[PDB]
């Protein structure tokens, strides 16, 4: 399957499904009125868990009934696949979603629909972003679970298409940029009020070689540099600091920020810190 689509899955499907009276009955009787908006540690997530199969078949029947438009994910996926003329034999759909029952439900339902339609696909899950503290881990997890998989796909000799329709804005802005750094071929988006997908300018990009040399340099010296050592290596720490590439750690020292190291992994391999 040499043509891979990457798509986040949200819970809009959960919400959209309440249109239908049968779904609204079943969800209301289970106590799950706001199942699209549940927090990751809300107890109602265990009611989705405990009732997974049912809610699955119910959302897949809703989906069959009223068709792909109930999920912006499917709509943009299936529209892009139509417009690019990607054959079912050639296709793979790498879904990811947060590690929460309402999201996994949406994700399993969409996975099964794609498989009923002759499209092989996979659903990875990723850490929730529930605060400023969990955001940076959230992004590292997307690196590990998605960006590094885009890398694998590109080594495998495949074409990668990013579906930017789905996902929260910051998480898809990150996926688009990291995705293209990892060699993704094309980024697409379906406007809610259009039927056709558009192709975002997806130019082939790499970290500035100037900055790539500097950033690899911290790796030689224990990911830290005094101002005097940086200046001797010609590395403008005060500009790296503006660009949130380094943090000042103490009076004289600058440490290469952890997110940069994840991203360097695109260039030096995912396990380069362990060699």
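Numbering follows the first chain given and starts at 1.
Which is higher on mean Cα B factor in this entry, 40-48 or 224-232?
Higher of the two, by average CA B-factor, is 40-48.
Quick one: say whether 59-67 or 204-212 has the higher mean Cα B-factor in the deposited entry.
On average, C-alpha B-factors are higher across 59-67.
If I read the C-alpha B-factors straight from the PDB entry, which of 197, 178, 166, 105 is highest?
Checking the PDB record, the top C-alpha B-factor among 197, 178, 166, 105 is at 197.
Just the C-alpha B-factor column, please: which of 144, 115, 171, 185 has the biggest number?
Highest C-alpha B-factor among the listed residues goes to 115.
Would you mind ranking residue 140 by its C-alpha B-factor against the rest of the chain and naming the third, lowest, middle or highest?
It falls in the bottom third of the chain.
Taking only the Cα B-factors deposited for this chain, tell me whether residue 76 sits in the lowest, middle or highest third.
Answer is middle: the recorded C-alpha B-factor places it there.
Would you please rank residue 100 by its C-alpha temperature factor against the other modelled residues of its chain and give the third it falls in: lowest, middle or highest?
It belongs to the lowest third of the chain when residues are ordered by C-alpha B-factor.
Would you mind ranking residue 246 by its C-alpha B-factor against the rest of the chain and naming the third, lowest, middle or highest?
Bottom third by C-alpha B-factor.
Lowest, middle or highest third: where is residue 256 by C-alpha B factor in its chain?
It belongs to the lowest third of the chain when residues are ordered by C-alpha B-factor.
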